[PDB]
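*Asks:* Attaching a single structure in structure tokens format; questions to follow.
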Amino acid sequence: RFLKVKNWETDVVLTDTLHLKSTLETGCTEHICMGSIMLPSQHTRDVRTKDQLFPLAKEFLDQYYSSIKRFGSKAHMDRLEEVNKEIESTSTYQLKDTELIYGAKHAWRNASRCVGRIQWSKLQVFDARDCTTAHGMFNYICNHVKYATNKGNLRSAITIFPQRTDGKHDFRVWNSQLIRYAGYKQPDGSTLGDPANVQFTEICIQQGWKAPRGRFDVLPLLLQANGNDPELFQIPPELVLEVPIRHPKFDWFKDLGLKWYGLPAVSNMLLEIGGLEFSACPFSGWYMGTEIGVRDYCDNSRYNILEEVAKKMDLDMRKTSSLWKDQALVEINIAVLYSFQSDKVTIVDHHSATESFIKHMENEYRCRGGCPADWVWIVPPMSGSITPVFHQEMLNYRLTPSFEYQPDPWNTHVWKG
Amino acid sequence: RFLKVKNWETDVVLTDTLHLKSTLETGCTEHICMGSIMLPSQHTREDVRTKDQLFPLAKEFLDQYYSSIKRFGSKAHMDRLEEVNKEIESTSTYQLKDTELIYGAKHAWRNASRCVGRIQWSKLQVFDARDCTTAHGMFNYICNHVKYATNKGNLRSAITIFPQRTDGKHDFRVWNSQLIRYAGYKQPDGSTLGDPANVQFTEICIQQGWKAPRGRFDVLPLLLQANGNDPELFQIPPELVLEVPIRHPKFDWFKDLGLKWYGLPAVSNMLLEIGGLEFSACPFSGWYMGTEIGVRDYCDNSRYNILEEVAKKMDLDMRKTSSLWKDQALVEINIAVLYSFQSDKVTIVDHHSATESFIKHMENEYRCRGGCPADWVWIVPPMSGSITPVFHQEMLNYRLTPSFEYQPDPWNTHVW
Ligand code: HEM
Ligand code: HEM
Ligand SMILES: Cc1cc(N)nc(CCc2cc(CC[C@H]3CCN3C)cc(F)c2F)c1
Ligand SMILES: Cc1cc(N)nc(CCc2cc(CC[C@H]3CCN3C)cc(F)c2F)c1
Ligand SMILES: C[C@H](O)[C@H](O)[C@H]1CNc2nc(N)[nH]c(=O)c2N1
Ligand SMILES: C[C@H](O)[C@H](O)[C@H]1CNc2nc(N)[nH]c(=O)c2N1
Ligand SMILES: [Zn+2]
């Protein structure tokens with residue numbers, strides 16, 4: 001069975017056969033669309049039993065040996081058998097290096113909500129599965145941050161810590177991202193710093209962090225190994241590459257005191273590969289401009305600098321029909337890209353990223369038979385219809401390997417004391 | 001199963017019980033979401049209705065109607081059920097009381113999951129044109145609609161409902177997609193004069209009689225089809241076509257681009273379904289959201305595509321995409337559209353205002369109706385999406401009835 005997606009700006013039509021290889025559920029039915037629910041309880045992560053694990057292993061191994069053109073080979077049959085007996089005997093199994101690398105690359109490739117997937121094949125996979133302590137985690141993560149940053153010439157990387165066993169010895173990075181600024185709620189109700197991070201900051205402060213209480217404080221890493229209580233580590237500042245935000249025509253923009261970090265590194269998701277759950281798998285790439293300029297600085301629940309940017313642009317801020325928000329938002333985004341480019345720190349505007357994804361997606365349909373894509377997440381958060389993805393019909397379905405959400409660990413962690 | 005939707009900017013959570021009543025289908029499954037397909041088969045509606053599937057459709061519609069008027073299971077309810085029941089068993093169709101027609105259309109709008117302007121859904125002005133029999137009559141009704149809805153700029157919502165389908169042979173259809181659209185002409189050198197979305201239509205009109213002015217904003221003629229015959233051309237009296245010249249409140253050169261848009265958005269090619277009956281000609285109208293003209297009409301590549309020249313006149317660095325010159329120009333074009341309409345006292349809403357209105361409307365539907373079907377892919381404006389509150393608003397999309405549905409473009413179907 002085939003399916004069809006059309007681009008309503010170019011009249012290009014692609015044919016999807018890959019959705020037939022889909023297993024996990026969307027959340028939709030024939031009578032409801034959950035297409036815009038943030039986390040459909042299906043997209044989050046309950047430790048596996050041998051009952052369901054071997055078909056998940058087998059399915060993965062088949063995909064793997066297909067990709068290396070060894071499907072039904074002796075190496076393939078023996079590997080099934082090997083994983084077979086290891087599951088019966090130990091109730092889990094271990095991935096080879098080569099399998100883990102394929103796994104992480106394909107988890108990215110299957111991330112339907114990710115616009116930057118054109119680069120998926122060049123992921124740098126750091127195997128941290130020998131790690132046993134939080135200190136060891138801090139060391140692997142520092143090496144990741146140093147390698148990925150690469151003095152501003154960013155490289156995609158992921159570091160993979162030991163998989164879950166019984167869900168009682170989980171490895172977790174309690175930060176949502178490796179590098180993120182603190183948020184402090186004042187008694188007067190205002191917020192100093194990133195309001196998105198108020199909750200995590202207070203955990204850190206309660207865990208013993210001595211908080212500078214500045215407006216752009218990098219948070220400490222809070223790291224949990226083998227299901228033990230998490231421990232605090234300060235990333236060395238020389239490792240945290242930052243870009244001060246200025247505007248190419250507005251000399252007063254620098255005086256807003258804004259800076260942002262260069263390295264987007266998601267650390268709170270779950271990497272699923274052949275039924276195995278890697279509960280700590282920080283991954284990084286490089287920023288699309290709007291993630292900082294539109295969301296970080298201009299969401300109401302974030303730094304919310306729109307007002308003071310518009311204030312200094314002298315705009316009519318009394319009636320919203322003056323589009324003063326839309327105007328300030330564009331300037332702020334112009335400034336993010338200018339600041340980052342001026343310092344040779346890798347970054348991509350949303351026009352470039354979306355054109356690339358269209359090309360990737362077409363290429364994916366040719367050589368793979370489809371490319372799962374979440375239109376709601378792929379369309380940039382500003383200037384939507386002037387990017388080619390807006391007019392692109394997209395099929396959203398769930399392939400494995402996959403990245404999944406998982407509950408914040410502080411909600412689910414039995415404390416040792 | 002009693003679902004919930006969250007707003008990630010406000011933490012407001014709403015409980016949706018209304019989806020339980022959903023009758024039609026979404027195009028989605030558990031294995032694949034199609035929330036972004038432009039036209040799933042379900043959103044379209046030969047397919048005559050048998051006497052069978054017609055009475056259930058009527059009963060469900062009549063039941064909610066009598067529920068709405070606090071007379072569920074009452075004398076007149078059962079009688080009306082019985083009455084319509086008998087007319088179907090005999091005529092193989094049935095006719096809607098004026099009040100049911102009005103409730104039917106207001107609710108087709110209330111249920112339109114892709115429409116952000118639904119807060120005004122109950123103030124719809126319904127024009128019963130079911131006595132119409134010819135294209136000239138259709139023309140008369142549409143002229144009356146247009147004048148009533150324009151109201152010297154003080155736009156009022158309206159729908160005009162032509163006779164329902166019978167056997168699909170006697171179809172009323174407005175061949176225009178909107179009652180008022182600018183013309184679109186090819187070129188010897190391959191480019192496009194005017195509006196490229198209307199090039200095939202502007203060609204049909206000429207290839208059927210219309211003598212085109214071949215200007216940049218020529219109002220297209222109405223092409224009306226009654227009872228299934230050849231469609232006829234009619235020129236809307238220009239004095240009924242309220243237009244707004246587009247100037248900017250900061251840039252004197254903006255006037256020089258020589259842009260205008262019409263004030264009346266009036267969709268004419270959809271199909272209104274009420275208790276199982278299919279109204280294949282039901283032109284309806286309201287008032288624009290700014291971005292529909294400025295973002296889509298002006299700046300879409302396959303449309304007027306004026307960003308090139310606007311940015312040139314702004315002296316922006318059009319060398320690299322990373323200057324965001326398209327974005328900068330896009331915001332000014334949309335400031336100009338709003339300023340021009342407002343200055344001319346023609347009704348218009350900006351996308352910040354209308355999305356905020358839609359949040360309150362969601363609030364109200366969840367509080368009094370238990371839900372409000374909504375298509376996030378169409379509710380979020382095509383610019384500045386994430387600084388509008390609908391961006392952070394989860395929405396559940398389901399298909400209620402009565403509804404507006406797409407239908408095939410008549411010039412493929414019509415036995416000419
Ligand atoms: C290299 C440049 C990259 C760019 C420009 C990029 C861009 C984006 C953007 C804009 C989003 C939407 C999320 C949001 O805006 O809130 C996203 C989502 C996502 N990205 Fe990418 N990304 C990149 C690399 C990567 C890498 C290396 C991985 C993993 C190996 C990855 C995995 C994901 C996943 C799993 C999501 C889904 C998040 C969710 O479901 O909430 N991306 N990406
Ligand atoms: C009064 C002000 C109104 C505003 C501001 C408004 C706004 C919109 C917008 C922005 C869209 C998205 C489609 C697009 O961007 O091209 C839309 C779709 C739609 N509107 Fe509303 N509208 C209004 C009145 C009405 C009325 C009076 C009706 C019918 C009685 C209606 C029915 C619809 C329908 C059915 C759709 C979606 C078509 C589909 O399902 O694909 N609207 N509207
Ligand atoms: C590697 C990488 C590259 C680039 N460019 N951007 C990012 C951040 C996007 C990103 C964001 C999230 C969570 C955001 C959602 C959850 C709450 N909030 C609304 C989860 C990811 F997995 C991810 F990728 C990451
Ligand atoms: C009454 C009214 C008020 C305002 N403001 N805007 C509109 C236009 C929106 C609108 C647009 C369409 C179809 C457009 C689709 C087909 C190709 N293109 C992507 C079908 C509608 F039913 C509708 F409503 C109407
Ligand atoms: C393919 C995609 O569904 C298509 O471009 C849709 C997306 N969202 C839209 N939203 C609105 N309001 N109007 C549109 O025409 C569209 N087009
Ligand atoms: C409610 C809705 O699901 C939520 O706001 C989503 C919409 N699309 C998004 N798209 C991106 N890229 N990032 C986001 O955080 C979101 N948030
Ligand atoms: Zn769906």
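Letters A, B, ... mark the chains of the structure tokens in the order given; residue numbers begin at 1 per chain; ligand numbers begin at 1, in order shown.
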Contacts from chain B to chain A, 6 Å maximum, only C-alpha atoms: show me the residue list as JSON, numbers by chain.

*Replies:* {"B": [25, 26, 28, 29, 30, 31, 32, 33, 34, 35, 36, 37, 322, 350, 382, 383, 384, 385, 386, 394, 396, 397, 398]}

*Asks:* Report as a PyMOL selection string all protein, DNA and RNA residues lying within 10 Å of residue 253 (chain B), evaluated on only C-alpha atoms, omitting residues in the same chain fewer than 4 positions from it.

*Replies:* chain B and resi 247-248+257-258+310+313-314

*Asks:* Could you turn the residues from that selection into a file that holds C-alpha atoms, as a short mmCIF file (atom, residue, chain, number, x, y, z; two decimals), in the first residue's frame?

*Replies:*
```
data_model
loop_
_atom_site.label_atom_id
_atom_site.label_comp_id
_atom_site.auth_asym_id
_atom_site.auth_seq_id
_atom_site.Cartn_x
_atom_site.Cartn_y
_atom_site.Cartn_z
CA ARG B 247 -0.20 52.38 1.53
CA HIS B 248 2.31 52.22 4.41
CA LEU B 257 3.81 49.88 -5.73
CA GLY B 258 0.19 50.42 -6.71
CA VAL B 310 9.35 45.54 -1.34
CA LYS B 313 12.71 49.52 -1.99
CA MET B 314 13.60 49.06 1.68
#
```

*Asks:* Taking the DSSP secondary structure from the backbone, can you list the residues of region 6-161 of chain B that are alpha helix (DSSP H), as JSON, numbers by chain?

*Replies:* {"B": [51, 52, 53, 54, 55, 56, 57, 58, 59, 60, 61, 62, 63, 64, 65, 66, 67, 68, 75, 76, 77, 78, 79, 80, 81, 82, 83, 84, 85, 86, 87, 88, 89, 90, 91, 98, 99, 100, 101, 102, 103, 104, 105, 106, 107, 108, 109, 110, 135, 136, 137, 138, 139, 140, 141, 142, 143, 144, 145, 146, 147, 148, 149, 150]}

*Asks:* Could you pull out the residues in region 197-385 of chain B that DSSP calls strand (DSSP E) from the backbone, as a ChimeraX atom specification?

*Replies:* /B:222-225,232-234,243-246,259-262,266-267,271-274,277-279,284-285,288-289,348-349

*Asks:* Suppose we keep N, CA and C atoms; can you now write the selection as an mmCIF file, in the first residue's frame?

*Replies:*
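Generated file (out-v6.cif):
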```cif
data_model
loop_
_atom_site.group_PDB
_atom_site.id
_atom_site.type_symbol
_atom_site.label_atom_id
_atom_site.label_comp_id
_atom_site.auth_asym_id
_atom_site.auth_seq_id
_atom_site.Cartn_x
_atom_site.Cartn_y
_atom_site.Cartn_z
ATOM 1 N N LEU B 222 -18.481 36.687 -12.067
ATOM 2 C CA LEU B 222 -19.167 35.536 -11.503
ATOM 3 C C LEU B 222 -19.578 34.578 -12.616
ATOM 4 N N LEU B 223 -19.449 33.280 -12.350
ATOM 5 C CA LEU B 223 -19.729 32.216 -13.317
ATOM 6 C C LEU B 223 -20.697 31.274 -12.619
ATOM 7 N N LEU B 224 -21.994 31.508 -12.789
ATOM 8 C CA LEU B 224 -22.996 30.841 -11.973
ATOM 9 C C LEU B 224 -23.689 29.726 -12.739
ATOM 10 N N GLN B 225 -23.936 28.622 -12.037
ATOM 11 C CA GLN B 225 -24.592 27.447 -12.588
ATOM 12 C C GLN B 225 -25.778 27.094 -11.709
ATOM 13 N N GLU B 232 -23.137 30.764 -16.364
ATOM 14 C CA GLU B 232 -23.306 32.038 -17.046
ATOM 15 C C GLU B 232 -22.409 33.091 -16.406
ATOM 16 N N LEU B 233 -21.931 34.032 -17.217
ATOM 17 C CA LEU B 233 -21.041 35.073 -16.726
ATOM 18 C C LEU B 233 -21.830 36.308 -16.306
ATOM 19 N N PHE B 234 -21.448 36.879 -15.164
ATOM 20 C CA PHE B 234 -22.058 38.109 -14.682
ATOM 21 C C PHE B 234 -20.983 38.983 -14.068
ATOM 22 N N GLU B 243 -12.852 48.116 -2.400
ATOM 23 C CA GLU B 243 -11.424 47.849 -2.503
ATOM 24 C C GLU B 243 -10.653 48.852 -1.654
ATOM 25 N N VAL B 244 -9.461 48.438 -1.220
ATOM 26 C CA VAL B 244 -8.632 49.227 -0.311
ATOM 27 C C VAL B 244 -7.256 49.435 -0.935
ATOM 28 N N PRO B 245 -6.898 50.647 -1.347
ATOM 29 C CA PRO B 245 -5.537 50.870 -1.839
ATOM 30 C C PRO B 245 -4.554 50.714 -0.695
ATOM 31 N N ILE B 246 -3.422 50.087 -0.981
ATOM 32 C CA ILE B 246 -2.466 49.704 0.053
ATOM 33 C C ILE B 246 -1.345 50.738 0.108
ATOM 34 N N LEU B 259 -0.731 48.899 -5.074
ATOM 35 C CA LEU B 259 -1.397 47.700 -4.596
ATOM 36 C C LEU B 259 -2.749 48.064 -4.005
ATOM 37 N N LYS B 260 -3.714 47.173 -4.200
ATOM 38 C CA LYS B 260 -4.976 47.217 -3.489
ATOM 39 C C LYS B 260 -5.413 45.780 -3.254
ATOM 40 N N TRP B 261 -6.331 45.601 -2.313
ATOM 41 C CA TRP B 261 -7.046 44.339 -2.157
ATOM 42 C C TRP B 261 -8.516 44.662 -1.902
ATOM 43 N N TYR B 262 -9.376 43.701 -2.235
ATOM 44 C CA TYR B 262 -10.798 43.790 -1.947
ATOM 45 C C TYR B 262 -11.053 43.547 -0.465
ATOM 46 N N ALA B 266 -15.033 35.997 0.667
ATOM 47 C CA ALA B 266 -16.351 35.376 0.521
ATOM 48 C C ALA B 266 -16.173 34.055 -0.213
ATOM 49 N N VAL B 267 -16.088 32.957 0.543
ATOM 50 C CA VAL B 267 -15.772 31.672 -0.055
ATOM 51 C C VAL B 267 -17.007 31.119 -0.743
ATOM 52 N N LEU B 271 -19.191 23.098 0.229
ATOM 53 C CA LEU B 271 -20.430 22.339 0.297
ATOM 54 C C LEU B 271 -20.843 22.247 1.756
ATOM 55 N N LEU B 272 -22.057 22.697 2.030
ATOM 56 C CA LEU B 272 -22.621 22.775 3.364
ATOM 57 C C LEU B 272 -23.518 21.559 3.558
ATOM 58 N N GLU B 273 -23.232 20.776 4.584
ATOM 59 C CA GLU B 273 -23.968 19.559 4.872
ATOM 60 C C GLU B 273 -24.770 19.784 6.142
ATOM 61 N N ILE B 274 -26.087 19.573 6.059
ATOM 62 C CA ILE B 274 -26.985 19.744 7.195
ATOM 63 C C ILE B 274 -27.976 18.595 7.193
ATOM 64 N N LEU B 277 -28.370 16.619 4.051
ATOM 65 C CA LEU B 277 -28.590 17.336 2.805
ATOM 66 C C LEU B 277 -27.335 18.102 2.411
ATOM 67 N N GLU B 278 -27.136 18.232 1.106
ATOM 68 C CA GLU B 278 -25.915 18.813 0.564
ATOM 69 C C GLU B 278 -26.262 20.084 -0.204
ATOM 70 N N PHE B 279 -25.863 21.221 0.355
ATOM 71 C CA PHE B 279 -26.000 22.537 -0.246
ATOM 72 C C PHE B 279 -24.700 22.861 -0.976
ATOM 73 N N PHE B 284 -20.290 32.166 1.433
ATOM 74 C CA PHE B 284 -20.303 32.745 2.769
ATOM 75 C C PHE B 284 -19.134 33.709 2.918
ATOM 76 N N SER B 285 -19.278 34.665 3.827
ATOM 77 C CA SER B 285 -18.305 35.735 3.879
ATOM 78 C C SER B 285 -18.186 36.256 5.301
ATOM 79 N N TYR B 288 -11.456 39.982 6.696
ATOM 80 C CA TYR B 288 -10.128 39.388 6.596
ATOM 81 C C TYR B 288 -9.375 39.424 7.921
ATOM 82 N N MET B 289 -8.531 38.420 8.121
ATOM 83 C CA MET B 289 -7.391 38.576 9.012
ATOM 84 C C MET B 289 -6.266 39.162 8.168
ATOM 85 N N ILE B 348 -11.140 44.791 9.572
ATOM 86 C CA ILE B 348 -10.026 43.842 9.478
ATOM 87 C C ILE B 348 -9.583 43.525 10.894
ATOM 88 N N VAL B 349 -9.052 42.316 11.090
ATOM 89 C CA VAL B 349 -8.482 41.922 12.367
ATOM 90 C C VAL B 349 -7.025 41.510 12.145
#
```

*Asks:* At a cut-off of 8 Å and counting only C-alpha atoms and all ligand atoms, what residues surround ligand 1? Please answer as a PyMOL selection string.

*Replies:* chain A and resi 38-39+43+104-105+107-108+111-117+119-120+123+155-158+266+269+283-288+290-291+295+347-348+353+377-378+380-381+402-405

*Asks:* Would you write out, as JSON lines, a table of all residues in chain B that have an atom no more than 12 Å from an atom of ligand 3, listing for each the closest atom pair and the distance in Å to one decimal, considering only C-alpha atoms and all ligand atoms and ordering rows by chain and rising residue number?

*Replies:*
```
{"residue": "B:7", "atom": "CA", "partner": "ligand 3", "partner_atom_place_in_ligand_line": "19 (C)", "distance": 11.0}
{"residue": "B:8", "atom": "CA", "partner": "ligand 3", "partner_atom_place_in_ligand_line": "19 (C)", "distance": 7.8}
{"residue": "B:9", "atom": "CA", "partner": "ligand 3", "partner_atom_place_in_ligand_line": "19 (C)", "distance": 9.8}
{"residue": "B:386", "atom": "CA", "partner": "ligand 3", "partner_atom_place_in_ligand_line": "19 (C)", "distance": 11.2}
{"residue": "B:391", "atom": "CA", "partner": "ligand 3", "partner_atom_place_in_ligand_line": "19 (C)", "distance": 10.9}
{"residue": "B:392", "atom": "CA", "partner": "ligand 3", "partner_atom_place_in_ligand_line": "19 (C)", "distance": 8.7}
{"residue": "B:393", "atom": "CA", "partner": "ligand 3", "partner_atom_place_in_ligand_line": "19 (C)", "distance": 11.5}
{"residue": "B:394", "atom": "CA", "partner": "ligand 3", "partner_atom_place_in_ligand_line": "19 (C)", "distance": 11.8}
```

*Asks:* When you look at residue 345 (chain A) with a cut-off of 7 Å (counting only C-alpha atoms), what residues show up, excluding the ones that are within fewer than 3 positions of it in the same chain? I need them as a list in words.

*Replies:*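 Neighbouring residues, sequence-local ones excluded: residues 152, 153, 262, 340 and 341 of chain A.
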
*Asks:* Please report, as a tab-separated table, each residue of chain B lying at most 10 Å from ligand 5, together with the nearest pair of atoms and the separation in Å rounded to one decimal; use only C-alpha atoms and all ligand atoms, and order rows by chain and ascending residue number.

*Replies:*
```
residue	atom	partner	partner_atom_place_in_ligand_line	distance
B:34	CA	ligand 5	3 (O)	9.2
B:35	CA	ligand 5	3 (O)	7.6
B:36	CA	ligand 5	3 (O)	4.1
B:37	CA	ligand 5	3 (O)	5.0
B:38	CA	ligand 5	3 (O)	4.5
B:39	CA	ligand 5	3 (O)	8.2
B:114	CA	ligand 5	12 (N)	7.2
B:115	CA	ligand 5	12 (N)	7.9
B:116	CA	ligand 5	12 (N)	8.5
B:291	CA	ligand 5	12 (N)	9.2
B:292	CA	ligand 5	12 (N)	7.8
B:296	CA	ligand 5	15 (O)	8.1
B:375	CA	ligand 5	10 (N)	8.9
B:376	CA	ligand 5	8 (N)	8.4
B:377	CA	ligand 5	8 (N)	4.9
B:378	CA	ligand 5	10 (N)	3.5
B:379	CA	ligand 5	12 (N)	5.9
B:380	CA	ligand 5	12 (N)	6.9
B:381	CA	ligand 5	12 (N)	6.2
B:382	CA	ligand 5	12 (N)	6.7
```

*Asks:* Calculate how many Å separate CA of residue 13 (chain B) from atom 2 (C, counted along the ligand's line) of ligand 6, rounding to one decimal.

*Replies:*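 Between CA of residue 13 (chain B) and atom 2 (C, counted along the ligand's line) of ligand 6 the gap works out to 12.8 Å.
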
*Asks:* Mind giving me the straight-line distance from CA of residue 401 (chain B) to CA of residue 108 (chain B) in Å, one decimal?

*Replies:*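 Interatomic distance here is 6.6 Å.
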
*Asks:* Considering only C-alpha atoms, state which residue in the set B:1, B:369, B:352, B:49 is at the smallest distance from residue 111 (chain B).

*Replies:*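 Among the listed residues, B:369 lies closest to residue 111 (chain B).
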